[PDB]
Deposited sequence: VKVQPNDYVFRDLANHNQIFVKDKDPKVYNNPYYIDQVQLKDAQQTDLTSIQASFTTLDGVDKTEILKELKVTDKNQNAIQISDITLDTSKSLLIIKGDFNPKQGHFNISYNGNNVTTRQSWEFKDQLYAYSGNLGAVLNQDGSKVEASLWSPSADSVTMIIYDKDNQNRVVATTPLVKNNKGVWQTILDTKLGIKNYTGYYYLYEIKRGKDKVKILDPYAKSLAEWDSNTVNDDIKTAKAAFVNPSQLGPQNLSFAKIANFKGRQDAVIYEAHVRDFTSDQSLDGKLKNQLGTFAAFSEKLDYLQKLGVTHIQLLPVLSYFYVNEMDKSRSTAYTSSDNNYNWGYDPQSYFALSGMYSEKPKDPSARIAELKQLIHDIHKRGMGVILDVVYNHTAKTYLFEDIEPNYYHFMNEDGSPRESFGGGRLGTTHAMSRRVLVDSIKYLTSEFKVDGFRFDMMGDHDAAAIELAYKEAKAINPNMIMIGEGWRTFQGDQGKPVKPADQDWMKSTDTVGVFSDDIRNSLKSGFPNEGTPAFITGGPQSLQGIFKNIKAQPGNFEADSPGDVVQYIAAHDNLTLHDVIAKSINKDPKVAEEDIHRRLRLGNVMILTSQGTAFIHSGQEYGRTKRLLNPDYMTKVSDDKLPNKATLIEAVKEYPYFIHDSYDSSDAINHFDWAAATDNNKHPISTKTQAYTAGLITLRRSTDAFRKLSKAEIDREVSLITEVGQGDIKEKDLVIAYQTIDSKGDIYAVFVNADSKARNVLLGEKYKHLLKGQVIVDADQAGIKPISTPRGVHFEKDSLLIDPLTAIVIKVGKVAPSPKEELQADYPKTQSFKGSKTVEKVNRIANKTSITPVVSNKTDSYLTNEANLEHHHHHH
């Protein structure tokens, strides 16, 4: 019967954890138990035993300012404040970070660290970040916020561009990164040592940077999340191609803008950018192209190891040494997007941070989700940001607010959204929407929630969709159903020759997946590919087990069927960059030309059928630009690559069609269930319960549209019958060769009869009947 741990939970409650309380009495414990302050004895008011949980609840006048208390029994233990108690005493509502005045002559600087003994700012040269220029102690307020005003006293007349860190004493000096840092010094993770473990923050004034007429998107037809066609692009990928060697630097915001007309023409409404906030593992001074085909040890990074939640990465800047440049550059890009009638969605990664020490150094036992002993819960050798905790929630909501208001960002995609409490994300949305009425938010709603050990909460995951109409979630059900997904990637599915229950395909096309309840189409982000896992092309190739050279058109015919189904489904439409042309993550490396042993290459999947270079990367976060570059020749050079450019034009046409009628962008489940019909019922003609062909009717507000998809490897008769024979009076606008809104006078891959259609194998047909 020994004292293990101790936590003060409120003004008059200390919780002492023991190994056991069996056979010991309230009277025997009151005897041995004694409480002490910062050495004096505190009057012990009462104890209550929780024998089950093996802990005493101790009552007394345990006023915080009489230091932490330490509990005696037999060994002693100093009490720690619980995160709920730290919120009670130290939750701060005011401005955080460092704020420049108009002429840069002063800075107002705040940092939250309620258990710090002292907090010194260390200031480094703007023209050389390694050189220490000045230091200043900060003054702690009532709520544990450390403040200072930088001015003439430190010998600097203009602070803009100067860098800073915070040395924090506890007992232990540790140097930390202002979590509200608005920009940073050029960052190279190879400079990390024991003393400085992070990027240095930077004195900048966002409001004075970039286009001062920046404003939110002006998207036509856009009346909600259902009207969104999202396009997921990585800033490096989009311009890392060698063929672009004919204005702005490689793989930067300024480069990205030069290829916006493409996306304007492609028809997408929103460009979703992979994490543009600062991430840890990089050398931002090395912009050189990696030309070798590899899946490890590349300066390339998707950006899923977060360093800052407010400060942009230098990697996408032309001038990474100028901390103001990022902000002006990203604003320039976002402005350029808005002029093209489109919007931005920023991928944001709050679920975890690059290194636990990033926030744990600032204030131990607070920012992260925790185990019952105070130990921080971790993910990826990184900290799990516990966003039920007030100041952790602030980091998320304030950054959302800041990015929304300062960069005129139109939406956000939350990585591993199910790691967070619903409440944090709901507030995030509410605040972001308050700034921008047209705010759109999506996220990965995988049921992954961990939280604080013994404290369950509603997570921001798929099951949350019942009880909000705010944030939408990726539909892995439609993904898995159409062409397989993690963990069982490669399994033949609807467009890869494996028969699927047509009722569940039809329900998915209505934005009603089988694995969670979507009571509004806007709850569902429909997708078949993303940056994660194999690309659409590669998964198709693997699933049908064929070589991409020989089966190219077989694979592309199947790929176009996937895009047709996503782009004519209800809910929010999502397109992975390259999915439009047939992008591949082929491992064209000599040492991997044929299968190898046990000893596999990193993050690669094998296709047997293929002889030459059989390895394809399914997790390209650490892969070269050779693996990760968007192929512009494949996407726009009709002459050189007729098959991929056909798939591209086809995908464009489908987007055009989707935007041109609200038959595919309905608002409620009520009207979807009424106006979206299943033409191919089980039994009608050749149709089995599980099958590889399906067709459905929709109606906009009164043009009827009918989408037919034969994913079978043979031709198939679709029986219209009494109910749908009226379709024959309409006209074809999508066929084997082309997609759009104009009628096709000589359609291919389909034949019409008195009351039926004979559709070619691996072919999609769409008919319009205006009225």
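Missing C-alpha coordinates mark the following deposited-sequence intervals, in order: 1-37, 76, 113, 211, 287-288, 640, 745, 816-877.
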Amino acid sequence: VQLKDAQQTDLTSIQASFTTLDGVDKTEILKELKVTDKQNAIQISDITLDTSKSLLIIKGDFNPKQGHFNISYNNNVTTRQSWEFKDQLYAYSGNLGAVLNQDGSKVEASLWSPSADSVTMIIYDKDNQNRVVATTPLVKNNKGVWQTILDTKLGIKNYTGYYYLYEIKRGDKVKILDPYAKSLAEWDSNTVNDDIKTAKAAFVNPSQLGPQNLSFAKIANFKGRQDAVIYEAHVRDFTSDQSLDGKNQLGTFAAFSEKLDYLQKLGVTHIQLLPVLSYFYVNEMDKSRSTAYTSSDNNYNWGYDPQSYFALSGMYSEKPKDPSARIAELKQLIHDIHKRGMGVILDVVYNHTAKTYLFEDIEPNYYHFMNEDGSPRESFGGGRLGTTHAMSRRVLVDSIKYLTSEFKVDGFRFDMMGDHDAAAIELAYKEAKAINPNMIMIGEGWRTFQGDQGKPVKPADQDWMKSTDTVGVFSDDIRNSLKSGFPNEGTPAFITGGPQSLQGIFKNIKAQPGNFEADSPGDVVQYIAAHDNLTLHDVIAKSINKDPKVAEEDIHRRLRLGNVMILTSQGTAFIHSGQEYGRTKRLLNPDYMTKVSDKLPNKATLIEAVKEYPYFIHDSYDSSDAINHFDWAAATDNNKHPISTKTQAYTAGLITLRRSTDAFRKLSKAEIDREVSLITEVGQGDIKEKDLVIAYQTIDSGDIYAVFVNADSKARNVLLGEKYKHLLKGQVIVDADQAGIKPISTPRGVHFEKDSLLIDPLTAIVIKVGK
From here on, numbers count along this sequence of modelled residues.
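For the pair 142-150 and 346-354, the mean B factor over Cα atoms is greater in 142-150. Between 739-747 and 723-731, the higher mean Cα B-factor belongs to 723-731. Annotation for 488, 500, 183, 470: 488 ranks highest, by Cα B-factor. The PDB entry assigns the greatest CA B-factor among 479, 234, 270, 641 to 641. Sort the chain's modelled residues by C-alpha temperature factor and residue 529 lands in the lowest third, per the entry. Sort the chain's modelled residues by C-alpha temperature factor and residue 157 lands in the middle third, per the entry. In the deposited entry, the Cα temperature factor of residue 366 sits in the bottom third of values across the chain's modelled residues. In the PDB entry, residue 15 places in the highest third of its chain by CA B-factor. Residue 452: CA B factor in the middle third of modelled residues in this chain (values from the PDB entry).
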